[PDB]
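S.K.:
Protein chains: 2
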Amino acid sequence: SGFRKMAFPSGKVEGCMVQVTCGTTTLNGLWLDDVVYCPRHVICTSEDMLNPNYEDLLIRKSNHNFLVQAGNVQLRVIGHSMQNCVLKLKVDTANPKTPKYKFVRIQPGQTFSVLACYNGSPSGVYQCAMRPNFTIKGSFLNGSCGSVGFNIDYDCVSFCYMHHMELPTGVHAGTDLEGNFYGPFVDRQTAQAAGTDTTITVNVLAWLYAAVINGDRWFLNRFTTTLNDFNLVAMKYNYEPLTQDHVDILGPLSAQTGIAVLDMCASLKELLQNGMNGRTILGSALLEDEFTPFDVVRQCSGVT
Amino acid sequence: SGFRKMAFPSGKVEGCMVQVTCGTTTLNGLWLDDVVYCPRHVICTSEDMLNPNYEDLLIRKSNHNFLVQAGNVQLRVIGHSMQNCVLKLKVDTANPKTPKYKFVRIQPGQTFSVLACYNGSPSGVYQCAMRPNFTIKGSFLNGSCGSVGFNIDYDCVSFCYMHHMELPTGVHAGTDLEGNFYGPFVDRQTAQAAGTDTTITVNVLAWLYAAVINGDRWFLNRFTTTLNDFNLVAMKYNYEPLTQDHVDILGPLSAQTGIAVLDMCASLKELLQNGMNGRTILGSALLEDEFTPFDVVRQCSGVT
Ligand SMILES: Cc1ccncc1NC(=O)Cc1cccc(I)c1
Ligand SMILES: Cc1ccncc1NC(=O)Cc1cccc(I)c1
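For the record, the sequence lines run as chains A and B. According to UniProt numbering, the first sequence is numbered sequentially starting from 3264. According to UniProt numbering, the second sequence is numbered sequentially starting from 3264.
1. In chain order, what are the residue ranges of uninterrupted beta strand (DSSP E) at least 3 long that sit wholly in the stretch 3380-3462 of chain A?
2. Would you tell me roughly how many angstroms separate the C-alpha atoms of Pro3431/A and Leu3490/A, rounded to the nearest one?
3. Relative to the alpha-carbon of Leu3404/B, which residue among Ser3386/B, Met3345/B and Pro3515/B has its alpha-carbon at the smallest distance?
4. Inspect the CB distances between the stretch 3508-3525 of chain B and the stretch 3436-3444 of chain B and report whether three or more fall short of 8 Å.
5. Between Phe3444/A and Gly3412/A, what straight-line distance do the alpha-carbon atoms span, to the nearest angstrom?
6. With burial defined as no fewer than 16 other Cβ atoms inside 10 Å of the residue's Cβ, what is the status of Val3336/B: buried or exposed?
7. Kindly confirm or deny that the stretch 3465-3481 of chain A and the stretch 3336-3351 of chain A touch, where touching means at least three C-beta pairs closer than 8 Å.
8. Do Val3496/A and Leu3535/A have their C-beta atoms within less than 7 Å of each other?
9. Put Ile3369/A into one of helix, strand or coil per three-state DSSP.
10. Beta-carbon of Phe3266/B versus every beta-carbon of chain A: anything under 7 Å?
11. In angstroms, rounded to a whole number, what distance separates the CA positions of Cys3301/A and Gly3278/B?
12. Which word fits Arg3368/A, buried or exposed, when buried means at least 16 other C-beta atoms lie within 10 angstroms of its C-beta?
13. Using CA coordinates, which residue listed in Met3312/A, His3327/A and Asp3297/A is at the minimum distance from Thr3284/A?
14. Looking at the unbroken alpha helix (DSSP H) that takes in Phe3329/B, where does it start and where does it end?
15. On the three-pair Cβ rule with 8 Å, is the stretch 3319-3334 of chain B touching the stretch 3444-3464 of chain B?
16. Any beta carbon of chain A sitting closer than 7 Å to that of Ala3473/B?
17. Can the beta-carbon of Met3280/A be found closer than 7 Å to that of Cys3380/A?
18. Could you compute how far the alpha carbon of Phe3422/A sits from the alpha carbon of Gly3446/B?
19. Please work out which residues of its chain come closer than 8 Å, Cβ to Cβ, to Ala3357/B, disregarding the five sequence neighbours upstream and downstream, and give them in chain order.
20. What residue does the alpha helix (DSSP H) around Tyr3317/B start on, and which one ends it?
21. Near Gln3390/B, which residues of its chain fall below 7 Å by C-beta distance, leaving aside the five closest residues on each side in sequence?
22. State the DSSP-derived secondary structure class of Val3524/A, mapped to helix, strand or coil.
23. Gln3507/B: beta carbon under 6 Å from a heavy atom of ligand 1?
24. What's the call for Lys3499/A, buried or exposed, on a 16-neighbour Cβ count within 10 Å?
25. Is any heavy atom in ligand 2 found nearer than 6 Å to the beta carbon of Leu3321/B?
26. In chain D, what lies closer than 9 Å to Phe3444/B by C-beta?
27. Looking only at its chain, what residues have a beta carbon closer than 8 Å to the beta carbon of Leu3378/A, apart from the 5 residues adjacent to it on each side?
28. Who are the neighbours of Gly3406/B on chain A, taking C-beta pairs under 8 Å?
29. Taking a contact to mean a Cβ-Cβ separation below 7 Å, would you say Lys3532/A touches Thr3487/A in this structure?
30. Could you check whether the Cβ of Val3559/A sits closer than 7 Å to any Cβ belonging to chain B?
31. Near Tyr3317/B, what residues of its chain come up, given a Cβ to Cβ distance below 6 Å and the 5 sequence neighbours on each side ignored?
32. Quick one: residues in its chain with C-beta nearer than 6 Å to the C-beta of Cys3307/B, no 5 flanking neighbours on either side, listed in chain order?
33. What first and last residue would you give for the alpha helix (DSSP H) that runs through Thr3464/B?
34. Quick check on this structure: which residue in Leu3352/B, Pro3371/B, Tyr3502/B and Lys3363/B has the alpha carbon closest to the alpha carbon of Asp3418/B?
35. Below 9 Å between beta carbons is the criterion; list the residues of the stretch 3302-3334 of chain A that meet it against any residue of chain B, in chain order.
36. List the DSSP bridge partners of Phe3375/B.
So, in structure tokens, the structure goes:
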């Protein structure tokens, strides 16, 4: 019973958080095995940030300039290298709390949990989605850079995001753990406007299936539609076009509820065209798009 | 930048989760020091649940009937006792992962994080509020009983909730860690309807302050009100009456934003009377009441 915006248990990630200081800048690092991963802008001063030449800035840095602290103990830095927009600090000690892990570059529409950190210490955990415009709508303040996004499959943590910056519009941009930004964003204090933040249609349908499973059914109607007819409505409302891959991914939810994907699309079509009329769905007065079909199945089945 | 429904990092609690089995029932336990805490209905069969006599059922149970497993290793049970609606299983080993902790009985309107577990394994973490009718709107399936609610102050975990049951209305009831239910609920499969779920007014105002801090200001108006005038509106909309204690608790948010509490009440009054007119606040189309004034300050300052 019930449906919540649920994050993964953060323990395995908390054991990887460290504090990295270079000069006067302190941010978060991720310690996995004998490597600490952190945003390369840790080497920048506020003045450098307008147009930084990271290769030139990094020349003036030695291993001893990178202060890495895990809890209250200091890690010895024996190597440093820049991989895209991340720094990799080789330390002399493997993290004893290193979980089984992978680095994954997620697709827009996919969700993940963020462990927001400051000075290497966890402050909280929440669930995010990579927006179709490659931004994330997070909760981060100065000092949160280096906080990571991740998913967990039983005992394996798949790291997918590392926080780097806030855009002037209050949305967030970052990289995968290879240091490549999601989207066109660059790690410099410059005019970087975000593209259209469209709604993740397959996720809204998954959340509608979750609502039916949990008893909220008022929005079910007597109608059906086609992918092409639905997509005309989706375009008008800045929803992502629905494909047969999306319909296929909703198959288990359609099978569990007995509601054909195209019938659910027709409920969504009427919801887009007529609104909620002051009503709610799973305690929300808008269509929620940050639950994937996998999230709905996981939460509705209790995968640990 | 940004505002999210954030849970505490769950690591300290994950290290306390164990599986408790008695006969054919398996649920979650909380292992702190040499004691495992779990819902006493672990001793019940589905038939017992209609009208169980826990004292009589517990007579037929010995220490060896309580199977306690921490990960893949078995704990030896050397004692058992019933305290209200919880069982306390004394084990021969102190939990080496026991964090600094307290047991607290929270007040309605207060928030906490839940680590949903199944078979002693964490599935996810989310933020809840104890509703004014003493229910929680969680996400729990069969096997989740014994999952706990908690708050964290730096290194101290204050446990406040232990999940016991789902009401026929899909809302959740449970106990504090002394086994006393929140509200009038009893641990038996019987007609237990919930009272009026009123809105936590002080929390909605705190969330309105969070919105102003984060840039969402469209709802600020040219009006003010009084506590008595505001409370006439609050009664009409099933909002909790606002007191001077609530105004005092909003003091830091009022000081940070420069918006007097009664002016914010007048914005809330107009929002209640006229609705959002298709607009959103912090990505929500309804007034959010599961952020306390302390939560807003914590999130907006980055307390770790
Ligand atoms: C202040 C804040 C809030 C949330 N998340 C991150 C930050 N920090 C920054 O963005 C600092 C910064 C400034 C300009 C460019 C770059 I690269 C980094
Ligand atoms: C099925 C479920 C879903 C969510 N949270 C908890 C549960 N489990 C129960 O409530 C089992 C139960 C039944 C009747 C009385 C009692 I005491 C306990």
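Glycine is no exception: its CB is placed at the ideal position from the N, C-alpha and C atoms.
M.R.: Let me lay it out:
1. 3384-3392, 3411-3416, 3419-3429 and 3435-3438
2. Here residue 3431/A corresponds to residue number 168 of the first sequence, with the count starting at 1. Here residue 3490/A corresponds to residue number 227 of the first sequence, with the count starting at 1. Each residue's Cα considered, the two are about 37 Å apart.
3. Start at 1 with the first residue of the second sequence, and residue 3404/B comes out as number 141. The option with the nearest alpha carbon to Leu3404/B is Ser3386/B.
4. no
5. Position 181 of the first sequence holds residue 3444/A. Position 149 of the first sequence holds residue 3412/A. Between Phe3444/A and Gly3412/A, the C-alpha separation is close to 13 Å.
6. The residue you call residue 3336/B lines up with position 73 of the second sequence. Exposed, by the Cβ-count rule.
7. no
8. Here residue 3496/A is taken as the residue at index 233 of the first sequence, counted from 1. Here residue 3535/A is taken as the residue at index 272 of the first sequence, counted from 1. Taking 7 Å as the Cβ cut-off, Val3496/A and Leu3535/A qualify as a contacting pair.
9. On the first sequence, position 106 is the one that residue 3369/A refers to. Here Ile3369/A sits in coil by DSSP.
10. Here residue 3266/B corresponds to residue number 3 of the second sequence, with the count starting at 1. Yes, its Cβ sits closer than 7 Å to a Cβ of chain A.
11. To locate residue 3301/A, count along the first sequence from 1; it is residue 38. To locate residue 3278/B, count along the second sequence from 1; it is residue 15. Rounded to the nearest angstrom, the two C-alpha atoms are 27 Å apart.
12. On the first sequence, residue 3368/A is found 105 positions in, with the first residue counted as 1. Its Cβ having fewer than 16 others within 10 Å, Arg3368/A is exposed.
13. The sequence position of residue 3284/A within the first sequence is 21, counting from 1. Cα-wise, what sits closest to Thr3284/A is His3327/A.
14. The residue given as residue 3329/B occupies position 66 in the second sequence. Premise fails: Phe3329/B lies in the beta strand (DSSP E), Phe3329 to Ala3333, not in any alpha helix (DSSP H).
15. no
16. In the second sequence, the residue the question calls residue 3473/B occupies position 210. Output row for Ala3473/B: interface = no.
17. Here residue 3280/A corresponds to residue number 17 of the first sequence, with the count starting at 1. Here residue 3380/A corresponds to residue number 117 of the first sequence, with the count starting at 1. Result yes, Cβ atoms of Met3280/A and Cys3380/A sit closer than 7 Å.
18. If you number the first sequence from 1, residue 3422/A lands on position 159. If you number the second sequence from 1, residue 3446/B lands on position 183. Cα-Cα distance, rounded: 41 Å.
19. Working through the second sequence from its first residue, we reach residue 3357/B at position 94. Answer for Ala3357/B: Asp3296 and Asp3297, listed in chain order.
20. Mapped onto the second sequence, residue 3317/B falls at position 54. Taken as a continuous stretch (DSSP letters only), the alpha helix (DSSP H) holding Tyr3317/B covers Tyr3317 to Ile3322.
21. Within the second sequence, numbered from 1, the residue matching residue 3390/B stands at position 127. Correct list, in chain order: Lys3268, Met3269, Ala3270, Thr3374, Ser3376 and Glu3553.
22. Locating residue 3524/A in the first sequence gives position 261, where the first residue counts as 1. The answer is helix: DSSP assigns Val3524/A an H, G or I state.
23. Sequence index remark: in the second sequence, residue 3507/B carries index 244 (1-based). No, the beta carbon of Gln3507/B sits no closer than 6 Å to any heavy atom of ligand 1.
24. Locating residue 3499/A in the first sequence gives position 236, where the first residue counts as 1. Label assigned to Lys3499/A: exposed.
25. Residue numbering aside, residue 3321/B sits at position 58 when the second sequence is read from its first letter. No.
26. The displayed structure is made up of protein chains A and B, and chain D is not among them.
27. As a working note, residue 3378/A is residue 115 in the first sequence. Answer for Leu3378/A: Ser3273, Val3276, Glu3277, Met3280, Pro3385, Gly3387, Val3388, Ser3410, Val3411 and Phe3413, listed in chain order.
28. Locating residue 3406/B in the second sequence gives position 143, counting from the first residue. In chain order: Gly3565.
29. Position 269 of the first sequence, counted from the first residue, corresponds to residue 3532/A. Position 224 of the first sequence, counted from the first residue, corresponds to residue 3487/A. Not closer than 7 Å, so no.
30. Walking along the first sequence from the start, residue 3559/A turns up at place 296. No, no contact with chain B.
31. Counting from 1 along the second sequence, the entry for residue 3317/B is found at position 54. Correct list, in chain order: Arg3303.
32. Here the question's residue 3307/B lines up with position 44 in the second sequence. Within the same chain, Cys3307/B has close Cβ partners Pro3315.
33. Here residue 3464/B is taken as the residue at index 201 of the second sequence, counted from 1. It spans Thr3464 to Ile3476 - the alpha helix (DSSP H) in which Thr3464/B sits, taken as one unbroken run.
34. For the purposes of this step, residue 3418/B is taken as residue 155 along the second sequence, with counting starting at 1. Of the listed residues, the one whose Cα sits closest to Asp3418/B is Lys3363/B.
35. none
36. Within the second sequence, the letter at position 112 stands for residue 3375/B. According to DSSP, which records beta bridges pairwise, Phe3375/B is partnered with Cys3391/B.
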